[PDB]
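Structure 1 and structure 2, given next as structure tokens, are two forms of the same protein chain, each shown alone.
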Structure 1
């Protein structure tokens, strides 16, 4: 069931959670996101982590090792530079983030 559901989410939203896991900092997701532009894909990690005061931060890291040479040149021409950096942002920015990846990959 859960595999079918993940497949439906990909057909619906062009995003896939490859796996989730918890470590000593928080809850992590390995994700691929794509969009037609011919389909451009970005791999990244999202972590839901809490400091001592229990405020949730979303940690973003690009995962370039999943890309081909040409795809890396393509990304460099499409994505704003901060998407090649580790980022933190509140839960309230997650849909802004999703839309930013989707628009950047479509370029």
Structure 2
């Protein structure tokens, strides 16, 4: 049942959370967002971490996973996405949905 549901989150929200694990820095997820003319797809893969920062407030880390992407894929990404999404970012937990929506709207251009 959990896999039918993950499939639905993929088609409803254009995102898949592949796995989650807890390590020495915090709680992590491996994520891909975007959509699949059959050559037209726009996808970003990233790690998302939830870490205790100052005062034990959970901060979010975004780390894009760009090593295996081709130059053609990166050019397309860079033409759709804001420049900050090509480096590691930190942002407040309260901005998490805004972050998702920024990538989503950008990928859907």
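Numbering follows the first chain given and starts at 1. Shifts are known only where both forms have a C-alpha. Just so we're on the same page, rigid core means the largest C-alpha set that superposes within 1.5 Å between forms.
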Q. C-alpha of residue 55: shift of 2 angstroms or more between the two structures, rigid core aligned?
A. no
Q. How much does the C-alpha of residue 27 move between the two structures, in Å, when the core is lined up?
A. 0.5
Q | residue 66: CA movement between the two structures [superposed on rigid core, Å] | A | 4.1
Q. If the rigid core is lined up, how many Å does the C-alpha atom of residue 82 shift between the two structures?
A. 1.0
Q | Large-shift segments between the two structures, meaning 3+ residue runs whose Cα move 2 Å or more when the rigid core is superposed | A | 51 to 53, 65 to 69
